[PDB]
Amino acid sequence: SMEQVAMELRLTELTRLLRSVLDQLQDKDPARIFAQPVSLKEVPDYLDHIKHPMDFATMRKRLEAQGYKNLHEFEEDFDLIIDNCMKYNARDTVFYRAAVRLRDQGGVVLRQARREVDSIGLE
């Protein structure tokens, strides 16, 4: 149907905007601490601690499959990256501090992304 196609175009448009958002957020992680999933070979007990691991590579895979239906779903995954890290790692670590800086700088980006999604009507 034509309606289905129009909905699919909206999803494609949203995916384009979220790809831009994801690139901007990942730029705020210059150490690439959050670039890849935590390795279960190197941290064998990780899943005992963290029930829903997340990272930028995994978000990017879901994004390119157009798997984010709205900005909220995207933000949920981004918050997992930060929140998982701030639980597993202590305050005095380079990991925790990187997450704090990513959250603070990323908030700025996500603030304007929400305006753009609402404004252009992408969800």
# chains A, B, ... in the order shown; residues from 1 in each chain; ligands from 1

$ residues_around --residues "range 87-91 of chain A" --least-positions-apart "6" --cutoff "10 Å" --atoms "only C-alpha atoms" --output "compact mmCIF listing (two decimals) with C-alpha atoms, in the first residue's frame"
# COMPACT_ATOMS: atom_id res chain seq x y z
CA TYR A 46 30.22 -9.26 33.25
CA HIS A 49 26.60 -7.71 36.89
CA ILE A 50 25.06 -6.18 33.80
CA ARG A 97 34.65 9.33 34.36
CA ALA A 99 30.78 7.82 30.97
CA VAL A 100 30.05 10.97 32.99

$ select_by_dssp --residues "chain A" --states "alpha helix (DSSP H)" --output "PyMOL selection string"
chain A and resi 2-26+46-49+56-64+71-88+94-120

$ residues_around --residues "residue 11 in chain A" --least-positions-apart "6" --cutoff "10 Å" --atoms "only C-alpha atoms" --output "VMD selection string"
chain A and resid 5 17 66 to 70 122 to 123

$ write_last_selection --atoms "N, CA, C and O atoms" --output "PDB file, in the first residue's frame"
ATOM      1  N   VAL A   5       4.412   2.442   2.350  1.00  0.00           N
ATOM      2  CA  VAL A   5       5.588   3.097   1.769  1.00  0.00           C
ATOM      3  C   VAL A   5       5.922   4.437   2.432  1.00  0.00           C
ATOM      4  O   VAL A   5       7.099   4.748   2.673  1.00  0.00           O
ATOM      5  N   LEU A  17      18.634  10.741  10.436  1.00  0.00           N
ATOM      6  CA  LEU A  17      18.872  11.701  11.516  1.00  0.00           C
ATOM      7  C   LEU A  17      19.599  11.032  12.687  1.00  0.00           C
ATOM      8  O   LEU A  17      20.527  11.608  13.258  1.00  0.00           O
ATOM      9  N   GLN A  66      17.483  -0.319  10.470  1.00  0.00           N
ATOM     10  CA  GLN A  66      16.322   0.521  10.776  1.00  0.00           C
ATOM     11  C   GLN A  66      15.532  -0.002  11.969  1.00  0.00           C
ATOM     12  O   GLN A  66      14.303  -0.026  11.950  1.00  0.00           O
ATOM     13  N   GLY A  67      16.248  -0.411  13.016  1.00  0.00           N
ATOM     14  CA  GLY A  67      15.632  -1.012  14.181  1.00  0.00           C
ATOM     15  C   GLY A  67      15.212  -0.059  15.291  1.00  0.00           C
ATOM     16  O   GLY A  67      14.692  -0.507  16.311  1.00  0.00           O
ATOM     17  N   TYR A  68      15.431   1.241  15.106  1.00  0.00           N
ATOM     18  CA  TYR A  68      14.926   2.232  16.055  1.00  0.00           C
ATOM     19  C   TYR A  68      13.687   2.919  15.479  1.00  0.00           C
ATOM     20  O   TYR A  68      13.784   3.667  14.509  1.00  0.00           O
ATOM     21  N   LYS A  69      12.533   2.667  16.089  1.00  0.00           N
ATOM     22  CA  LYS A  69      11.259   3.166  15.560  1.00  0.00           C
ATOM     23  C   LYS A  69      10.989   4.609  15.963  1.00  0.00           C
ATOM     24  O   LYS A  69      10.170   5.297  15.346  1.00  0.00           O
ATOM     25  N   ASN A  70      11.676   5.063  17.007  1.00  0.00           N
ATOM     26  CA  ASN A  70      11.516   6.421  17.504  1.00  0.00           C
ATOM     27  C   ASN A  70      12.766   6.836  18.278  1.00  0.00           C
ATOM     28  O   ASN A  70      13.630   6.002  18.539  1.00  0.00           O
ATOM     29  N   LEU A 122       9.133  12.953  12.578  1.00  0.00           N
ATOM     30  CA  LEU A 122       9.781  11.741  12.078  1.00  0.00           C
ATOM     31  C   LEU A 122       9.369  10.455  12.797  1.00  0.00           C
ATOM     32  O   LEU A 122       9.915   9.387  12.521  1.00  0.00           O
ATOM     33  N   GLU A 123       8.404  10.546  13.707  1.00  0.00           N
ATOM     34  CA  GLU A 123       7.972   9.369  14.456  1.00  0.00           C
ATOM     35  C   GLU A 123       6.479   9.419  14.769  1.00  0.00           C
ATOM     36  O   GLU A 123       5.778  10.338  14.347  1.00  0.00           O
TER      37      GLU A 123
END

$ atom_distance --atom1 "CA of residue 47 in chain A" --atom2 "CA of residue 78 in chain A"
18.3 Å

$ residues_around --residues "residue 61 in chain A" --least-positions-apart "5" --cutoff "12 Å" --atoms "only C-alpha atoms" --output "ChimeraX atom specification"
/A:15,19,22,36,54-56,66-68

$ residues_around --residues "residue 120 in chain A" --least-positions-apart "2" --cutoff "10 Å" --atoms "only C-alpha atoms" --output "JSON, numbers by chain"
{"A": [10, 13, 14, 115, 116, 117, 118, 122, 123]}

$ residues_around --residues "residue 26 in chain A" --least-positions-apart "6" --cutoff "12 Å" --atoms "only C-alpha atoms" --output "list in words"
residues 18, 19, 20, 32, 33, 34, 35, 36, 55, 56, 57, 59, 60, 78, 81, 98, 99, 101, 102, 103, 105, 106 and 109 of chain A

$ atom_distance --atom1 "CA of residue 111 in chain A" --atom2 "CA of residue 76 in chain A"
14.3 Å

$ closest_residue --among "A:108, A:9, A:113, A:82" --to "residue 29 in chain A" --atoms "only C-alpha atoms"
A:82

$ atom_distance --atom1 "CA of residue 85 in chain A" --atom2 "CA of residue 51 in chain A"
12.0 Å
